[PDB]
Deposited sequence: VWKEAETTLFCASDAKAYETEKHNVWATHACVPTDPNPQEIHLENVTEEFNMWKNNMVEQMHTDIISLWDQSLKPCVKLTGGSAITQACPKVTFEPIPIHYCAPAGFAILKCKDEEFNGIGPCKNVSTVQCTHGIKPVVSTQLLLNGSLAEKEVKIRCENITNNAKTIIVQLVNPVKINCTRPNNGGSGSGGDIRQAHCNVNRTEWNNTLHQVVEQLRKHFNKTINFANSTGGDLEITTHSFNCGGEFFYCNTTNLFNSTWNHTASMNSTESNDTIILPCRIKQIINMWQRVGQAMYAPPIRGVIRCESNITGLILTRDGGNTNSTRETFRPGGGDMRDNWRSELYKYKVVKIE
C-alpha cells in the first residue's frame, strides 16, 4: 500500500439559514456527514506515517485559504504594490467541524497507536471513509478547539535536537481561555485559570524532560511580526492580538489576565501582504475557547548550560492542520 495524492471532498453539517461564513462555505463546498461512519481495523498490518510530509495538510491549507478569501473581505489589501479596494461589511465568523473524506478509488489510513509520535511505523492501522470533525481554527502560539491526547501529553517534532524545527504539543486536559472586549473600543483581554495552566506546564515539562534532563524554562516570544509575538486569533469577525507573557514565564527544576488589542491592520497568513478591515463593532465581543495544544520553539545555543528554554511559536498555519491530521494518510487502491 502506497501513499497517493488526490482531491479529498469535505463533509460538514452547515445550516441553510445561517449567514455565518463557515456554514455558508460548507453549504456548497461540502456534503452532509455520515451518521454511522465505518471504521475497519487492519489485522497484522504495519504502515509508514509522516505528519511532516502529508499532502492532506497541503489541501486543507488551500481550502481554508479559499474559505477566508471569500468570507473575510478587507476594505483594502496590499499585495506587492497593487492596492485592491472593496466593500468590507462585518461578518459572523465561527468555525464548524470539517471532515475530509477519500473519493472513490482511494482510502484514508488511521494510526491508532496512542503512543505515536508523528513519524515512523504504526502497528495499529485502520481504514476510515472520513477523518474526524476538524475546526479550521486560525491562530498562533495557542492551538484552540482541537483534539486531545488520550493518556499523557505528546511532544511532536521532526527532531527536537534541531532548534529550527517547530514543536507541536498536544494536551490531555483542555485549558479554558475566555476573551472579552467589554461593552477604548480596541481594548480587550483574555482570562485563564492559573492553577489549570501551571498544572498544564507541569505535564509539558515531564514530557520535555524525557528529551532534556535539564531545568526547563518557559519564556515569551523574542521577536517577529505581531501575529507571531502574540496569541493571535479571530472572534466576532474581529482580529485579536493577545500578550502571552503571563503564560510563558516560569522555571521548573488563581486567575491569569492577558491584555489584548483588536487591530484593523493585519498581516495576512494566506500570503505575503497587509490587509485593512473596518473599525471594531460596538457592544460586547466574546469568545470562550479551549487550549488543546501549543506551538513551541526551543532556544539554540552551543553551550552546555544547565537549562533548556522554550518559547511560543507558529505562524505557519499548516502546523495547525498538522496537529489534527497527524494520524492520517491517503492511499491508492488497486
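If you line the structure up with the deposited chain, the stretches without a C-alpha atom are 1, 185-192, 263-273.
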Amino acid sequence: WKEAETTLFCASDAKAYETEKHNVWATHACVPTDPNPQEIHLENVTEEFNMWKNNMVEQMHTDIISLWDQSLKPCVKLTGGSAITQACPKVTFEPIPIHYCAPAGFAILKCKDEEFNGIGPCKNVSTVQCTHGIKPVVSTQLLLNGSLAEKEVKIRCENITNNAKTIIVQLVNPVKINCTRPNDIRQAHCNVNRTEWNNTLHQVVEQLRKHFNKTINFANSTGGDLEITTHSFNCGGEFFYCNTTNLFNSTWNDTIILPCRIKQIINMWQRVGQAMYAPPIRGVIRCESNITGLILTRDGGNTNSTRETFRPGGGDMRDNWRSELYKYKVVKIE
From here on, numbers count along this sequence of modelled residues.
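Here 263-271 and 34-42 are compared by their mean Cα B-factor, and 34-42 comes out higher. Judged by mean Cα B factor in the deposited record, 299-307 ranks above the other of 54-62 and 299-307. For the set 125, 204, 138, 168, the maximum C-alpha B-factor listed in the entry falls on 125. Looking at 162, 145, 213, 222, the one whose CA carries the top B-factor in the deposited record is 213. In the deposited entry, the Cα temperature factor of residue 111 places it in the highest third of its chain's modelled residues. When all modelled residues of the chain are sorted by CA temperature factor, residue 247 is found within the lowest third. Annotation for residue 69: C-alpha temperature factor in the middle third relative to the rest of the modelled chain, per the entry.
Ranked within its chain, residue 238 lands in the lowest third, by CA B factor from the PDB record. Annotation for residue 90: C-alpha temperature factor in the middle third relative to the rest of the modelled chain, per the entry.
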